[PDB]
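Please note: Cβ atoms are built from the backbone with ideal geometry, for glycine as well, and neighbour counts cover all protein chains shown. Numbers and lists here come from the model and the stated rules, or from a named source; no laboratory instrument gave them.
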Amino acid sequence: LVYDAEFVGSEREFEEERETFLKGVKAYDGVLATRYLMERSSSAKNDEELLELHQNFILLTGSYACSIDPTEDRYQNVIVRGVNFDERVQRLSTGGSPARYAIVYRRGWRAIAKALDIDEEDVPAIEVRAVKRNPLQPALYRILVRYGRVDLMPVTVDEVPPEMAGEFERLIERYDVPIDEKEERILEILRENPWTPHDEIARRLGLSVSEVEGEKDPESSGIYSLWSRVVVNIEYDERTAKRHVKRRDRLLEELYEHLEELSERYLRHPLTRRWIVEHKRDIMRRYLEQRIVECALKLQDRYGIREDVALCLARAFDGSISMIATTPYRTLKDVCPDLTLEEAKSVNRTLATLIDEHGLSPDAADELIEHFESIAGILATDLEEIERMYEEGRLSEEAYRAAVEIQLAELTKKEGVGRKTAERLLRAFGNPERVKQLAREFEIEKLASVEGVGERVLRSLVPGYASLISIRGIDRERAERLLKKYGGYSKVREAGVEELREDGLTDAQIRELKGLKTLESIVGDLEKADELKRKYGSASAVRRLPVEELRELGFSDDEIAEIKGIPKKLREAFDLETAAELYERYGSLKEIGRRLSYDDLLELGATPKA
Ligand SMILES: [Zn+2]
């Protein structure tokens, strides 16, 4: 399997990167060492002070990783397992560093270490994919690294705010990012537990990990895309980036100092920088080993690969189904030539879809995997770039054509949208994911200004346009203004009546929207109808309310008589309290003559009742 990368910065930059990387390695050495201590005993497993130190190393590795390729120009032709990230990162809407994009992949450091000449024999590992023990929401951690966010990466487990961890969703709400339906589904699990592993998120949603994750860019769909959407909209805090670079090297010393102290809880001899420098390779070789077991065991239980092949893959791909699952068939067979295609299609869902649901050849599917990794990766790419690749001879016809048909199918599925209107939209706005996002942001004029995009298109594309526009008198401009101001139909429906008037809605329009025509019979004006619609569900409910309650913060006793349909004869004798109660209980009045003659002891000798 091929890893490689070439440096293109100046000689100063070369040394800057070497020092950062080597400090990342030193930081990651602490992560390995602390993981080692944690499984010396179940007592060590549950040492929270040890866990806090483990986490501190994770943080510092992140910070150092964020600093790789600060100017986003120092590396080129970054190959990880044969796939060239230079070209892919360039096609993303937010571009960025091929180096850091590489580092977010397991064993991506391999590629970067070659460009910085750090000899692979010393295993200069930097990994930034911790899940269960990560002090930040794991996907966030990874996206911060890809976007080089030295500033946002905390350098201390104390410094980690809830909004980047246990209450991560707060951070999402602060930046008014559009969330699609896949993502809202993913959040529902992350809300239960932000440290749910991705293959679990995928298994419950009935998706591949690639689908759960998406591309690491705003214009995709998935937890990575979501976090990118948020993170890019956070101002770079150049100040705090300075604090973090200034402080972290000595914090690392201090972490290593704390590692000695703690290690004496579980070991005869301290765990020192020299010790980890010596055992690093051995520690890593052993973890790889029990991950080959666990993983090769899963390749049989879940996917059903013949035992001897399942171990081959397990070894070849560092014990990672994520890794295996995103590897092309040609590369998979290169290292395990015993493997069969139905077996490859079992673990690599992208390969499976491309073959079985788009009739692609394995070579052609490999081509698309290599360039884009997943379907999400195809949909993150501008249509016209895919055309360019086809024309420039860097993409075969069958791959190219499948790519087009995937992009078009995301829009033609939406009733009203034909192929040339879909095709046009992709030209106007780049890719299908970016088209959808404009619809969720309610950019109705922007979309409409494309040929073939009519009311029927707008209906099926823009959430809540269907609802507002089907009310007479509400024009397109208004529908956009309303949707944008309040955040979608449901939120517009929830708006106050006073402020909807200010927005220029006729009272008829407001009445239909909240569907309180029946309540406005019962009560004079719109506003009180709405007040009554909030607390109580319907008119139906308001009538049933106790006589005291209606009377209280309400209006007349005659009005309460009319509201509950209390007959003249029953109203003329008893007081309301007991009249509306007898009616509630028996319904007719003929029936009211079920209870005995002068059990009707209340008021006059009203004989017409018996
Ligand atoms: Zn800080």
Quick check, is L190 assigned to a helix (DSSP H, G or I) and within 16 Å of the ligand (Cβ to nearest atom)? no
Checked pairs for region 238-257, first within 23 Å of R274 (Cα to Cα), second small (G, A, S), C-beta under 7 Å and 6 or more apart or across chains, list as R248/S63; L252/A27; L255/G30; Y256/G30
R149: buried (at least 19 other Cβ atoms within 10 Å of the Cβ), within 20 Å of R74 (Cα to Cα) and within 16 Å of the ligand (Cβ to nearest atom), yes or no? yes
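So which of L144, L116 ends up being crowded, with 20+ Cβ neighbours inside 10 Å and in contact with a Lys or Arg (Cβ under 6 Å, 6 or more places away or on another chain)? Please lay out each step first, then the result.
Values: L144 fails: in contact with a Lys or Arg (Cβ under 6 Å, 6 or more places away or on another chain).
Every option except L116 fails the conditions.
Kindly check whether there is at least one residue in region 216-229 that is in contact with a helix residue (DSSP H, G or I) (Cβ under 7 Å, 6 or more places away or on another chain) and under 14 Å from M153 (Cβ atoms). Working first, answer last.
Pass one, region 216-229, residues in contact with a helix residue (DSSP H, G or I) (Cβ under 7 Å, 6 or more places away or on another chain): 216-224, 226-228.
Filter once more, so that each one left must be under 14 Å from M153 (Cβ atoms): 227.
Yes - at least one qualifying residue is present in region 216-229.
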Residues (in a helix (DSSP H, G or I), under 23 Å from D557 (Cα atoms) and over 60 Å from the mean Cα position of the chain (by Cα)) located in region 573-610: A573, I592, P608, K609
Which condition from (1) buried (at least 19 other Cβ atoms within 10 Å of the Cβ); (2) more than 21 Å from the chain's Cα centre (by Cα); (3) of a type outside the set (D, E, K, R) is the one that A380 breaks? (2)
Condition check: buried (at least 19 other Cβ atoms within 10 Å of the Cβ), assigned to a helix (DSSP H, G or I) and outside the structural domain of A352 (by CATH). Does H258 satisfy that? no
For region 437-485, what are the residues that are β-branched (V, I, T), over 16 Å from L425 (Cα atoms) and part of a helix (DSSP H, G or I)? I469
With the checklist (1) buried (at least 20 other Cβ atoms within 10 Å of the Cβ); (2) of a type outside the set (G, A, S); (3) within 16 Å of the ligand (Cβ to nearest atom) in hand, flag the one item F168 doesn't pass. (3)
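Checking the condition under 29 Å from the mean Cα position of the chain (by Cα), surrounded by fewer than 24 Cβ atoms within 10 Å (Cβ to Cβ), touching a residue at least 40 places away in the same chain (Cβ under 8 Å) and over 20 Å from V8 (Cβ atoms), which residue from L51, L60, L37 passes?
That would be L51, the only listed residue that is under 29 Å from the mean Cα position of the chain (by Cα), surrounded by fewer than 24 Cβ atoms within 10 Å (Cβ to Cβ), touching a residue at least 40 places away in the same chain (Cβ under 8 Å) and over 20 Å from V8 (Cβ atoms).
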Is it the case that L144 is in a helix (DSSP H, G or I), touching a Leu at 6+ places or on another chain (Cβ under 7 Å) and of a type in the set (A, V, I, L, M)? yes
Go through region 195-246 and give me each residue that's assigned to a helix (DSSP H, G or I) and within 16 Å of the ligand (Cβ to nearest atom). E238, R239, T240, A241, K242, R243, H244, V245, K246
Considering only residues that are assigned to a loop (DSSP other than H, G, I, E, B) and either under 50 Å from the mean Cα position of the chain (by Cα) or within 19 Å of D530 (Cβ to Cβ) (or both), which ones fall in region 545-564? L545, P546, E552, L553, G554, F555
Is one or more of the residues making up region 152-159 more than 16 Å from the ligand (Cβ to nearest atom) and more than 12 Å from the chain's Cα centre (by Cα)? no
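Among the residues of region 118-139, which ones are aliphatic (A, V, I, L, M) and more than 16 Å from the ligand (Cβ to nearest atom)?
Of all residues in region 118-139, those aliphatic (A, V, I, L, M) come to 118, 123, 125-126, 128, 130-131, 136, 139.
Within region 118-139, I118, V123, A125, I126, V128, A130, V131, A139 meet the criteria.
Within the group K609, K569, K564, which residue is out of contact with any strand residue (DSSP E or B) (no Cβ under 8 Å at 6 or more places or on another chain), under 30 Å from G524 (Cα atoms) and either of a type in the set (S, T, Y) or touching a residue at least 40 places away in the same chain (Cβ under 8 Å) (or both)?
Working: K609 fails: under 30 Å from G524 (Cα atoms); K564 fails: either of a type in the set (S, T, Y) or touching a residue at least 40 places away in the same chain (Cβ under 8 Å) (or both).
On inspection, the qualifying residue turns out to be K569.
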Residue count, region 261-272, condition touching a residue at least 60 places away in the same chain (Cβ under 8 Å) and either among the charged types (D, E, K, R) or part of a helix (DSSP H, G or I) (or both), comes to 3
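If the requirement is being under 26 Å from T94 (Cα atoms) and surrounded by fewer than 16 Cβ atoms within 10 Å (Cβ to Cβ), which of these qualifies: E183, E200, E235?
Numbers: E183 fails: surrounded by fewer than 16 Cβ atoms within 10 Å (Cβ to Cβ); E200 fails: under 26 Å from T94 (Cα atoms).
Of the residues listed, the single one that is under 26 Å from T94 (Cα atoms) and surrounded by fewer than 16 Cβ atoms within 10 Å (Cβ to Cβ) is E235.
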Can you find, within region 68-101, the residue that is farthest from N431 (Cα to Cα) among those that are touching a residue at least 40 places away in the same chain (Cβ under 8 Å), under 25 Å from the mean Cα position of the chain (by Cα) and in a loop (DSSP other than H, G, I, E, B)? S97
Condition check for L252: of a type in the set (A, V, I, L, M, F, W, C), within 17 Å of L144 (Cβ to Cβ) and either within 16 Å of the ligand (Cβ to nearest atom) or not assigned by CATH to the domain that holds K436 (or both): no
